[PDB]
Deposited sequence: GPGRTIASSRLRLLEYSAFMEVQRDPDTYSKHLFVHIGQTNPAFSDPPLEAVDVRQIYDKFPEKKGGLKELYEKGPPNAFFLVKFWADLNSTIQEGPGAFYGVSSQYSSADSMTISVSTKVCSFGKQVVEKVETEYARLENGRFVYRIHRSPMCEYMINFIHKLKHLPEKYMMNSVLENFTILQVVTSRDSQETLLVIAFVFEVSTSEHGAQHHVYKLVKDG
């Protein structure tokens, strides 16, 4: 469970979907976090992998609160399980006890430098006593689709992991009005090698 004192990540999944005929659709999940204590990772170990200087991970952690910082290790399923005009997208859902407008910023980094940034504003929906935020079928940018295609063309999974050693995604969720940090999730990737498919391990980012 990825949750700070103000916001909780309920679900997250990146996928590709194909239309096999007018009434048939296939969907392949690359990564997924669906709906206990976490092991810790020192945030200083990953500083070099994210953009630093103004608005960087170090400045974000220093600004606080520390309870909002998480690291997700993903083992993405890049096996061609469906035959590919496919749609590549991301779906996620968050929740809070307070009604607020959020801003979800996703920074894609390559060698610690930001190459793509997507910003989406989400409005609170009152649902079962709590406030829910849904980003449904958010399309992937061409940079990411072309990156997945290029990894899928490497003949070995250890080659894909070598490339992915320099690829990270930083997700920062802030309160739109106050600009307060609600949730920060650093994503690191490897390619899945088990018949169980895509895997994930969540950690809490700490300092000492």
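Asks: Please report every deposited-sequence interval that has no C-alpha in the structure, sorted by position.
Replies: Gaps in the modelled chain, taken against the deposited sequence, lie at 1 to 4, 40 to 46, 96 to 97, 222.
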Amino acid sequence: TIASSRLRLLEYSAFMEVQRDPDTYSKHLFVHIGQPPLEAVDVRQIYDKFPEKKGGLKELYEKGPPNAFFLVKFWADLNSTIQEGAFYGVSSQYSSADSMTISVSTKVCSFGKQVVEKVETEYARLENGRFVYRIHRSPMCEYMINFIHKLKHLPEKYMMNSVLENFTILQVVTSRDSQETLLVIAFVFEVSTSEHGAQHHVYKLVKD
From here on, numbers count along this sequence of modelled residues.
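Asks: Test of understanding: from the entry's C-alpha B-factors, which stretch has the higher mean, 73 to 81 or 117 to 125?
Replies: It is 73 to 81.
Asks: Decide which of the stretches 148 to 156 and 178 to 186 has the higher mean C-alpha B-factor, going by the entry.
Replies: On average, C-alpha B-factors are higher across 148 to 156.
Asks: Taking the C-alpha B-factors as the PDB entry records them, is residue 14 in the lowest, middle or highest third of its chain?
Replies: For residue 14, whose C-alpha B-factor we compare with every modelled residue in the chain, the answer is the lowest third.
Asks: Taking only the Cα B-factors deposited for this chain, tell me whether residue 6 sits in the lowest, middle or highest third.
Replies: According to the entry, residue 6 has a C-alpha B-factor in the chain's middle third.
Asks: What third of the chain does residue 50 rank in for C-alpha temperature factor, lowest, middle or highest?
Replies: According to the entry, residue 50 has a C-alpha B-factor in the chain's highest third.
Asks: Within this chain, which third does the Cα B-factor at residue 43 fall in: lowest, middle or highest?
Replies: It falls in the top third of the chain.
Asks: Which third of the chain holds residue 141 when residues are ordered by C-alpha B factor: lowest, middle or highest?
Replies: Ranked within chain, residue 141 CA B lands in the middle tercile.
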